[PDB]
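> Please see the structure below; I have some questions.
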Amino acid sequence: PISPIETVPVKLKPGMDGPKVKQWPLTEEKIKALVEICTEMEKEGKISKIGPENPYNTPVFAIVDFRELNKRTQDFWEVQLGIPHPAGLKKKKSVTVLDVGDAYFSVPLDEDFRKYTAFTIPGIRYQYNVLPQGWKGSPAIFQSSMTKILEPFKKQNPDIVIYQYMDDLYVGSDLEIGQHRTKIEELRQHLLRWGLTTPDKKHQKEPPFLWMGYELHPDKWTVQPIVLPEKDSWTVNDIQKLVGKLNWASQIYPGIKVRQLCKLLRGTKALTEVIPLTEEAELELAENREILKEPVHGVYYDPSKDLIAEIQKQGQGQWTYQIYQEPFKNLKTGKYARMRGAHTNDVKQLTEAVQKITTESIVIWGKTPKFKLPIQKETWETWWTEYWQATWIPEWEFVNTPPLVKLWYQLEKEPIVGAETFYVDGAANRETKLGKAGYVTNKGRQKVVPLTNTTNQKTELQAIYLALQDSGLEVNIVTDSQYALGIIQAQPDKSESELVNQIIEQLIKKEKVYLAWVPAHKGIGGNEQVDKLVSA
Amino acid sequence: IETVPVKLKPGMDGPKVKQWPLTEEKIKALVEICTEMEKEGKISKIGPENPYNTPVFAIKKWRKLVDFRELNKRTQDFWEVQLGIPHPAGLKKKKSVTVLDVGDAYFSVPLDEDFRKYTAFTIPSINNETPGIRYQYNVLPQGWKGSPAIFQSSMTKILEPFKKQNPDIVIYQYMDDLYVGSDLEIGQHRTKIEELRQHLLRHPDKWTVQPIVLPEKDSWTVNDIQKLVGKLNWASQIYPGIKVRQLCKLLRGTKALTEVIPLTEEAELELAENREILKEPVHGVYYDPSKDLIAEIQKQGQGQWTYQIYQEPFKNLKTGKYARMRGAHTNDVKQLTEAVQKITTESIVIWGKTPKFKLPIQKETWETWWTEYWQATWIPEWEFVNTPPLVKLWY
Ligand SMILES: [Mg+2]
């Protein structure tokens, strides 16, 4: 049933010409099979025999390697921000999921591009007439076709809601199971007048409809845990499709990216060849599994009840949040591990988590949720005022949860009277990567320290550290370095930098600190002194 | 009419920008705005096979706003058909400039067919429950660089009468705007605008720079001097004559920061002498028409902000301070935005170009709210950054 829809005009990437690849001769058996097969696609109209003139060719195997053709195909414009989240679905009275079958083979390929789709049978020579299976266009062209076709039936049935996602048509409508049945009939026939045949093996009873792998019960959508095999013959394409499953779940299941397995795909070869990988490969699947094991689910959406996001600092650099509408009936829960900076703050990370969640909703629900955050209104207010950059949170609202967020410490706006003033400085020879770090003081103390394999930044920090250690609860300290000044000025909660962490531990312990800065090399008092002490 | 052929800059392809998520509201808004333009035939639905895309959004003074910044960077410069011919220079000086939205004119002139693909834009769908609606302009689009220059002549013929009719009212066209400046009294100004307005229907002189000044002290502690010293050090990069030395001399020791210190004639001479030069023009300032303008904004906490426009570092073409006292309307984002918008209009009226901004904010943040406050027909280029101690260095 090849659809009568107009064809989307496809081009090759400018500067390129269609593929030309040799077919590795297959086994007598394989060949006799591919023919057997090709002959009926030829019968169904899906493909067709062609003369040995057509320069181009792409490999068939018997278990089409479209890699090349795709590498030279006009990259299209995928028209979707992402896959739809089940929580985004509103609750409907009547719902059916028509799996449009064979949908690719039904939708015809542009004539003037068909040339490129030729393939031979070790030979017999064919060329497609319809969206090929592996071809790059297929999905994007199929979606465009599917929509042009639904449009008509849609202007006609505003009550009905059709969501497409590949070969699956979620048709929902708040209707009498009777009248719905009828609409589904009608619809089912429209498709037919367009060659789109919808098999009888559909959804006809079961409340757990599987639209996109989301079991759609009337009040609870769920996702059956994704099984992820590990066969003997771990074939290339298998490795690719494997990626798919993972990647698909990923928009629910938190982090799974088999990125290092993906590296195995960064050195492609025959699609039929088997090719494993080290601990990278082996271990990646496992960590993925762990996550894939525990199922997920949530309620549907109400376009009349508020969205509420609630985040909680469930640990160092990992946060959690849930977006719900009804106390124990949440849509999406989520974890958010991140630390955007080498030195961040909980206040700072909270904000990041907020903004993630904000858009994430705007994508799914279409509006920004209202928050319940582990941070006191005055703690925020002080922090933004004490920060050089501009910031902002939306529907902020305090919720006294157990782990709370606070600015662990703060520096003094003005120098402490009666605090031993530490003049600090460090240095290191670029060549040797060795340096000293020390100080001098208004009293008389004067430390200096030998150092191995560091940078001048590291010394300038070591030096602040020392003066912090060798001092009391209140201390004025002074650097010839904006680097260290900056890190500290930013009130870093934690860091990748141990020394910075060290420097922080002290900072939370002291009682009053005032870090100041002076122009290096000017005869600024005390400075010229520590300057000489660290020089060799 | 026969379309003016325009083409992308050498060896650059059209734009291919992803669309930002839109609120179930701005979307709806757009959706109707487009369905009409479609009916009027100014746009037209296109397919997935047009690999290009520019983002759109709903500003609201609803208005469709296409973020053409890319297609503009990729558009051939205009210089044959001299885009907005010489910059007035008069504008800078007039008693009153007023800006008009000549933009809707553009929707008449037909756009070169072999160029339409490059304006493709896509209206997003909630939860991605629907393929986006994609379109392609069929007329000079609103924010395109190509538009105005192409329509340059039509406009010129249109104003010529009224211009020769009032030989001294400067009219500068920039993008979709018309900066009509005059020195007439406010009332007698407005008439001229209205006269100019029928035709189409067919206060810089107060701007002021920032004089850097050192504090007024007596309670000079050690760091009070250390402070001064540090600044005057950096200030030299701007005024090579300023020099701290007699000041550093006061500091010589290992004095506790709190120690008070006697400002001797050594320094008394230097401060006063320096105070002079901080108000004397850096003769090196030059606005070079071939260099970009850069704007830097610092946050000053009191709902105040500081900015400097410069082409080459330390050669400030202008410096300033916006203080948007928002007792309740304190959305830094909203402020910073308003800052941004007020600084680019100043530059359009002066250098005749929108500076490229270095925003003191996180991309993410700036990216999630900016549109909520943006009110302009245009959108300057911007780069996110982290301001160092300049806050102090000039406030
Ligand atoms: Mg140093």
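> Highest first, please rank the peptides B:275-288, A:191-204 by the mean number of other Cβ atoms sitting within 10 Å of their residues.
A:191-204, B:275-288
> Now, a different point. Name the residue farthest towards the positive end of the dipole of the protein assembly as shown from the options A:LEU216, A:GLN469, B:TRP382, assuming +1 on Cβ of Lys and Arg, -1 on Cβ of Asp and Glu, about the Cα centre.
Positive-most Cα among the choices belongs to B:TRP382.
> What is the mean number of Cβ atoms from other protein chains located within 10 Å of the Cβ atom of each residue in peptide A:416-424, rounded to a whole number?
That average works out to 3.
> Of all trypsin sites (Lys or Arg not before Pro) in the stretch A:226-279, which ones are in loop regions per DSSP and have a Cβ with at most 10 other Cβ atoms within 10 Å?
A:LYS231, A:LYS269
> Does the stretch A:1-60 come out rounded, prolate or oblate by the C-alpha gyration tensor, with a ≥ b ≥ c the root eigenvalues, rounded set by a/c under 1.5 and, if not, prolate when a/b is larger than b/c and oblate if not?
oblate
> To continue, here is another question. Take every residue in peptide B:229-240, count the Cβ atoms of other chains within 10 Å of its Cβ, and give the average of those counts.
Counting Cβ atoms of other protein chains within 10 Å of each residue's Cβ and averaging gives 2.
> Now for a different question. With no solvent and one point per C-alpha, what does the Debye sum give as log10 I(q)/I(0) for the stretch B:258-331 at q = 0.15, 0.16, 0.21, 0.23 Å⁻¹?
Log10 of I(q)/I(0), two decimals: -0.79, -0.83, -0.94, -0.99.
> How large is the direction-averaged shadow of the alpha-carbon convex hull of chain B, in nm²?
Projected over every direction and averaged, the Cα hull of chain B covers 24.9 nm².
> What's the center-to-center distance, using Cα atoms, between the stretch B:54-102 and the stretch B:290-356 in Å?
18
> Net charge near B:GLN304: determine it from the other residues with C-beta under 9 Å of the C-beta of B:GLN304, scoring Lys and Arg +1 and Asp and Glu -1.
That sum, taken over residues with Cβ under 9 Å, equals +3.
> Averaged over peptide B:120-128, how many Cβ atoms belonging to another chain are found within 10 Å of each residue's Cβ?
6
> Send over the Kirkwood Rh of chain A, from the inverse of the averaged 1/r over different Cα pairs, rounded to one decimal Å.
It is 29.0 Å.
> Just how many % of Cα pairs in the stretch A:302-408 lie over 24 Å apart, if you round to the nearest whole percent?
For the stretch A:302-408, the share of Cα pairs beyond 24 Å comes to 20 percent.
> If you average the C-alpha positions of the stretch A:49-69 and of the stretch B:221-261 separately, how far apart do those two centres end up, in angstrom?
Spelled out, the Cα-based centre of one part sits 78 Å from the other.
> Determine how many Å³ per residue the convex hull of the Cα atoms of the stretch A:377-527 encloses.
139
> So in the stretch A:246-400, what percent of DSSP beta bridges are antiparallel if you round to the nearest 5?
75
> Find which of A:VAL518, A:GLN489, A:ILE416 sits farthest along the positive direction of the dipole of the stretch A:409-536, computed with +1 on the beta-carbon of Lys and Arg, -1 on that of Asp and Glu, about the Cα centre.
A:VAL518
> Continuing with the same structure: Rounded to two decimals, what is the ratio between the C-alpha radius of gyration of the stretch B:180-287 and 2.2 N^0.38 Å?
1.84
> I need the fraction of alpha carbon pairs in the stretch B:161-239 separated by more than 22 Å, rounded to a whole percent.
Beyond 22 Å sits 54 percent of the P(r) for the stretch B:161-239.
> How would the stretch B:216-257 be classified by its alpha-carbon gyration tensor: rounded, prolate or oblate, with rounded meaning a/c under 1.5 and the a/b versus b/c comparison settling the rest?
The shape class here is prolate.
> Give me the net charge of A:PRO9's neighbourhood, meaning all other residues with Cβ under 10 Å from the Cβ of A:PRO9; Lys, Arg count +1, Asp, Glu -1.
Net charge around A:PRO9: -4.
> In addition: In whole angstrom, and with the biggest value first, how far do the Cα coordinates of the stretch B:105-194 range along each principal axis?
Extents along the principal axes, in whole Å: 57, 31, 16.
> Among A:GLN389, A:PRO327, A:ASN345, whose Cα lies farthest out toward the positive end of the dipole of the stretch A:293-394, if unit charges sit on the beta carbon of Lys, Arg (+1) and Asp, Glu (-1)?
A:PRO327
> Can you tell me the order of A:370-379, B:204-213, A:295-304 when each peptide is scored by its average per-residue count of other Cβ atoms within 10 angstrom, highest first?
With the highest mean Cβ count within 10 Å placed first, the list reads A:370-379, A:295-304, B:204-213.
> Moving to a separate point now. Treating the stretch A:122-233 as a set of equal point scatterers at the Cα positions, no solvent, please give the Debye-formula log₁₀ I(q)/I(0) at q = 0.12, 0.15 Å⁻¹.
With no solvent term, the Cα-only Debye profile gives -0.59, -0.84.
> Listing A:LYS329, B:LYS299, A:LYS155 from the residue with the fewest other Cβ atoms within 10 Å to the one with the most, what is the order?
Least to most surrounded, the residues fall as A:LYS155, A:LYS329, B:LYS299.
> Now for a different question. Using DSSP, restrict attention to beta bridges with both residues in the protein assembly as shown and report what percent are antiparallel, rounded to the nearest 5.
Bridges in the protein assembly as shown are about 80 percent antiparallel.
> To make sure I understand, if each residue's beta carbon is the centre and we count other beta carbons within 10 Å, what order do A:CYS262, B:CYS248 fall in, fewest to most?
Ascending Cβ contact count within 10 Å gives the list A:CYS262, B:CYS248.
> Counting other beta carbons within 10 Å of each residue's own, what order do A:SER145, A:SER481 fall into, fewest first?
If I rank by nearby Cβ atoms, fewest first, I get A:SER481, A:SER145.
> For the stretch B:288-393, what is the convex hull volume of the alpha-carbon atoms per residue, in Å³?
Cα convex hull per residue, to the nearest whole number: 101 Å³.
> Oh, and also: Show me A:453-459, B:386-392 ranked by packing, highest mean number of other Cβ atoms within 10 Å first.
A:453-459, B:386-392
> Shifting gears a bit: Write out the trypsin sites (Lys or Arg not before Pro) in the stretch B:65-157 meeting two conditions: DSSP loop, and at most 15 other Cβ atoms within 10 Å of their Cβ.
Answer in residue order: B:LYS93, B:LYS95.
> Taking every pair of distinct Cα atoms and averaging 1/r, then inverting, what Kirkwood hydrodynamic radius in Å comes out for the stretch A:208-301?
14.5 Å is the Kirkwood radius here.
> Just how far, in whole angstrom, is the stretch B:1-27 from the stretch A:444-467 if you go by their alpha carbon centroids?
55
> How much of the DSSP bridge set in the stretch B:288-393 is antiparallel, in percent, rounded to the nearest 5?
So the antiparallel bridges in the stretch B:288-393 amount to around 65 percent.
> Still on this structure: Write down, largest first, the equivalent ellipsoid semi-axes of the protein assembly as shown in whole Å, where each equals the square root of 5 times an eigenvalue of the alpha-carbon gyration tensor.
Taking √(5λ) for each Cα gyration eigenvalue gives 58, 40, 28 Å.
No value in this document is a laboratory result; all are computed from the given coordinates. Note: ideal-geometry Cβ built from the backbone for every residue, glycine included; neighbour counts use all protein chains shown.
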